[PDB]
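Beneath this line is the structure, given in structure tokens, with notes to follow.
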Amino acid sequence: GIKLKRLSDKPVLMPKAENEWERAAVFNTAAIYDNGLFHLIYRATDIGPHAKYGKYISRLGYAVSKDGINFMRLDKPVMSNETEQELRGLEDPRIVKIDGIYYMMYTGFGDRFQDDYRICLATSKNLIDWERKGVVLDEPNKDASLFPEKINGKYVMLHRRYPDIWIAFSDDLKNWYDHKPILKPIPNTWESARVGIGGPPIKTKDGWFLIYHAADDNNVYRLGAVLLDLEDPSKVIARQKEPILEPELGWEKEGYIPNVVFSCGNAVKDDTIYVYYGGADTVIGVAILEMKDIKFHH
Amino acid sequence: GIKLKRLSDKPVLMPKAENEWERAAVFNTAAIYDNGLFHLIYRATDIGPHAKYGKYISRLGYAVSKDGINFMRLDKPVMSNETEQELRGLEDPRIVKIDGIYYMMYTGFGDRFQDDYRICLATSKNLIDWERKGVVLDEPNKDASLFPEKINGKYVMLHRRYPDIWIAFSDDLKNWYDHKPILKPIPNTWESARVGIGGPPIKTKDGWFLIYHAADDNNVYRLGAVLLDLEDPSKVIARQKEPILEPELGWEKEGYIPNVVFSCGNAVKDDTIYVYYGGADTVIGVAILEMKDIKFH
Ligand SMILES: OC[C@H]1O[C@@H](O[C@@H]2[C@H](O[C@@H]3[C@H](O[C@H]4[C@@H](O)[C@H](O)[C@@H](CO)O[C@H]4O)O[C@H](CO)[C@@H](O)[C@@H]3O)O[C@H](CO)[C@@H](O)[C@@H]2O)[C@@H](O)[C@@H](O)[C@@H]1O
Ligand SMILES: OC[C@H]1O[C@@H](O[C@@H]2[C@H](O[C@H]3[C@@H](O)[C@H](O)[C@@H](CO)O[C@H]3O)O[C@H](CO)[C@@H](O)[C@@H]2O)[C@@H](O)[C@@H](O)[C@@H]1O
Numbered sequence: 002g003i004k005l006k007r008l009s010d011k012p013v014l015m016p017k018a019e020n021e022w023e024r025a026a027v028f029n030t031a032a033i034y035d036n037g038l039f040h041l042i043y044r045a046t047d048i049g050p051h052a053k054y055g056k057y058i059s060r061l062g063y064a065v066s067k068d069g070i071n072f073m074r075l076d077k078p079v080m081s082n083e084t085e086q087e088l089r090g091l092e093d094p095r096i097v098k099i100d101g102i103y104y105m106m107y108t109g110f111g112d113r114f115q116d117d118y119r120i121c122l123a124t125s126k127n128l129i130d131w132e133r134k135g136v137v138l139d140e141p142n143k144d145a146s147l148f149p150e151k152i153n154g155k156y157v158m159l160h161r162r163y164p165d166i167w168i169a170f171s172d173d174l175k176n177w178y179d180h181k182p183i184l185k186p187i188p189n190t191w192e193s194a195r196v197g198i199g200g201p202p203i204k205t206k207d208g209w210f211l212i213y214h215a216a217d218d219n220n221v222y223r224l225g226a227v228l229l230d231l232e233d234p235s236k237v238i239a240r241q242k243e244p245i246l247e248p249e250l251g252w253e254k255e256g257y258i259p260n261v262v263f264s265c266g267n268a269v270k271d272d273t274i275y276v277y278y279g280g281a282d283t284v285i286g287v288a289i290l291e292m293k294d295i296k297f298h299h
Numbered sequence: 013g014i015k016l017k018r019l020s021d022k023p024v025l026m027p028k029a030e031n032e033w034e035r036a037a038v039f040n041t042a043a044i045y046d047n048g049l050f051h052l053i054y055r056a057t058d059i060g061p062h063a064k065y066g067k068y069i070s071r072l073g074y075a076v077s078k079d080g081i082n083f084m085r086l087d088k089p090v091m092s093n094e095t096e097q098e099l100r101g102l103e104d105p106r107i108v109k110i111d112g113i114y115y116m117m118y119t120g121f122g123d124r125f126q127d128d129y130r131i132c133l134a135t136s137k138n139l140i141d142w143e144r145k146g147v148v149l150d151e152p153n154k155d156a157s158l159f160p161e162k163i164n165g166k167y168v169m170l171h172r173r174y175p176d177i178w179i180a181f182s183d184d185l186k187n188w189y190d191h192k193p194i195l196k197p198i199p200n201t202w203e204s205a206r207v208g209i210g211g212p213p214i215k216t217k218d219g220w221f222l223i224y225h226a227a228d229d230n231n232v233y234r235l236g237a238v239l240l241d242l243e244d245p246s247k248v249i250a251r252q253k254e255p256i257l258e259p260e261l262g263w264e265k266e267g268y269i270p271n272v273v274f275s276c277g278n279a280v281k282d283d284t285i286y287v288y289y290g291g292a293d294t295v296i297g298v299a300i301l302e303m304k305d306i307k308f309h
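Below, the structure written as structure tokens:
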């Protein structure tokens, strides 16, 4: 079945000692192909991203590439910790573009009380200047994105009421309705502990192609794939049994958080999907999948 | 008359010692407002830009800003020294946008023989990925730009056959015709030694507003202003006698090349012109002019 193919045995982006805001880790990046270029909005921390290392703050950087492998990067974050909901920063952005506007959903980590993390929304026309729209769902939640277009006149979002992937609908992005779970962990497998989306889903002629992540009972993170019905994305057409990507290389297995591959971004150019992923919550790699190779076992 | 007003008493961009390609100087930048942002394509050198320091190489960097004062910058040049005409790099870019395409004219400095510098053209849709189109005029020349639109069906360019500003016309950017001088130095003034354009001209209801630079007989560089006729830009309607900008601050007067202000870029947002300029061939500053204040005596 479906296996992602690494474009490089080295990371495509790494932390930068000279800049405090991204000195420790760059990971879990949004990705989009636009106007002839691959664009990354990447999560970056000043400290290793676990409480055992310290009070890490996540900020969002910008990088750009012609080929999807070799990146140039801006020296300052395009979004920084500004609100109370963002006391400990902004995490794990997912971006789609609808009618000339980029919609980014990210985790605002406050850590003022138990489960003080919230899905937040920001919009942009240019990926540099972001306007905050506030909390999307006022509840402990993350792993969220819009679908890249309206379905039957409505905005559609994926979210993650622990430990399951959920879907919901909205007329205006302000109020959400028709919440329902669509994907759950499976006991005694690689995907037993929890599930959550990767990057935003991608429209194909056979359905919505959605990459997801899961953790096993040792907290090893891997990626998998599902296909959702076009008109009712709450309906799962197919779910591949085996992972599409697992920690294999040294920088996937070792880092601040061991044995993690984790995606928040899948850019598309000429029928090739470029899946960007965090390795060990420390660096960013890329792996590809050609659209024609999206096949689920009949 | 017309005076540019500095937005800051500090530079808006400075060299960055940790990157070789822009370690010593950033200056003489293109500038354009697009999609809610100010964009700079800046000239950068690895060492002080004078022969006494060595064989400096110029490369082109990218910077971006919401407000036109505070910039973020990419870590690598968007264009580097690649051809024989660019042995010593790429200098002094001027950019305009026509029908979704950015046209950048820059100096390719080869230094293989006397006067081995040529106006070259590159195009982009995104300001990051540039496609070389080659030499524009095969002759010693610089200080060049397209006009930001076609006039009577034709591309129009400014150039500088030393020491005068010239104009020329083209159907296709490949062959040029109707070369004519439009602006010359004036003896016993601040603009006695030579003249050349600043950034691309800006369309006004009264004519084409063109910032130019000049050097005096001590090689002090200042900016001035002219107005050209809309339909025949070879015709000068007005020329201000006094400069619009001169070296005054420490980082304009002192640096690798003393007493220089030099512009290759003027971005426009909501009827305000943002004139970016090199100071002392070392750093970049910005000064503004509101359209309503464009008045000639
Ligand atoms: O520094 C002010 C601006 O100078 C021009 O570009 C520089 C250079 O100009 C040529 C010539 O250069 C002299 C001397 O002025 C210069 O300091 C040294 C540097 O090693 O070389 C000398 O030959 O000066 C003439 C008088 O204006 C000028 O017409 C010549 O083109 O040209 C080289 C190659 O193109 C360039 O690297 C230098 O920067 C301007 O075009 C701006 O670039 C400078 O701001
Ligand atoms: O969004 C805030 C932080 O959430 C984290 O995930 C938590 C929770 O984290 C656990 C550990 O798995 C984690 O390594 C350490 C880091 O200090 O904190 C613990 O509380 O794990 C559950 C299950 O996956 C999530 O539902 C929670 O959101 C990480 O994602 C951090 O990166 C993030 O800053």
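If you read the sequences in order, they're chains A and B. Position one of the first sequence corresponds to residue 2 (the numbering used here), numbered consecutively onward. Position one of the second sequence corresponds to residue 13 (the numbering used here), numbered consecutively onward. Ideal Cβ placement from N, Cα and C applies to all residues, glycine included.
Membership of B/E98 in any alpha helix (DSSP H) is not indicated, and neither H nor E is assigned to it by DSSP. As a beta-bridge residue in DSSP terms, A/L61 pairs with A/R44 and A/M80.
Cβ contact annotation for A/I183 (same chain, cutoff 6 Å, sequence separation greater than five): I166, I168 and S235, in chain order.
Going by beta carbons, A/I245 and A/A281 fall outside the 8 Å limit. The C-beta distance from B/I53 to B/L185 rounds to 19 Å, too long to fall under 8 Å, and the pair is not in contact. Under the rule that a run must span 3 or more residues, the beta strand (DSSP E) segments found entirely inside the stretch 130-154 of chain B read 143-147.
For B/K265, the uninterrupted alpha helix (DSSP H) run begins and ends at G262 to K265, by DSSP.
Within chain B, the C-beta atoms nearer than 9 Å to that of A/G37 come from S136, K137, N138, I140 and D141, in chain order.
Burial of B/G290 is indicated by the presence of at least 16 other C-beta atoms within 10 angstroms of its C-beta. For B/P193, the uninterrupted beta strand (DSSP E) run begins and ends at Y189 to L195, by DSSP. The beta-carbon of A/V284 is placed no less than 8 Å from the nearest beta-carbon of chain B. Burial is judged here by how many other beta carbons sit within 10 angstroms of a residue's own beta carbon; B/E143 has fewer than 16 and is exposed. Collapsing the DSSP output to three states places A/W209 in a strand. Residue pairing by DSSP places B/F50 opposite B/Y45 and B/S77 in a beta bridge. The count of Cβ pairs closer than 8 Å, one atom from the stretch 57-65 of chain B and one from the stretch 149-168 of chain B, stays below three, leaving the stretches out of contact. Between the alpha carbons of B/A75 and B/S136 lies a distance of about 16 Å. The Cβ atoms of B/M91 and B/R71 lie closer than 8 Å to each other. For A/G90 and A/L231, the gap between their C-alpha atoms comes out near 35 Å. When the beta-carbon positions are compared, B/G210 and B/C276 come within less than 8 Å of each other. Looking at the backbone, the Cα of B/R173 and that of B/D79 are separated by about 36 Å. Residues of chain A whose Cβ lies closer than 8 Å to the Cβ of B/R85 are, in chain order, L75 and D76. In this chain, the beta strand (DSSP E) harbouring A/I198 covers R195 to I198. By the Cβ neighbour-count rule, B/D111 is exposed, with fewer than 16 other Cβ atoms within 10 Å of its own. If you draw a 10 Å sphere on the C-beta of B/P199, you find fewer than 16 other C-beta atoms in it, and that means exposed.
Here B/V24 is near B/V298, since their CB atoms are less than 8 Å apart. With a 10 Å radius around the Cβ and a threshold of 16 neighbouring Cβ atoms, A/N260 comes out buried. It is roughly 14 Å from the alpha-carbon of B/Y189 to the alpha-carbon of B/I163. Listed along chain A, the residues sitting closer than 8 Å to B/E30 by beta-carbon distance are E19. Taking A/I58 as the centre and dropping the five residues before and after it, the same chain places the C-beta of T46, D47, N82, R89 and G90 closer than 7 Å to its C-beta, in chain order. In the DSSP assignment, B/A299 falls within the unbroken beta strand (DSSP E) covering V295 to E302. Residue state for B/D104 is assigned as strand, using DSSP reduced to three classes. Between B/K22 and chain A, the shortest Cβ-Cβ separation is not below 8 Å.
Contact of B/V38 with chain A is not assigned, every C-beta pair being separated by 8 Å or more.
By the Cβ neighbour-count rule, A/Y213 is buried, with 16 or more other Cβ atoms within 10 Å of its own. Between ligand 2 and the CB of A/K143, the shortest heavy atom gap is smaller than 7 Å.
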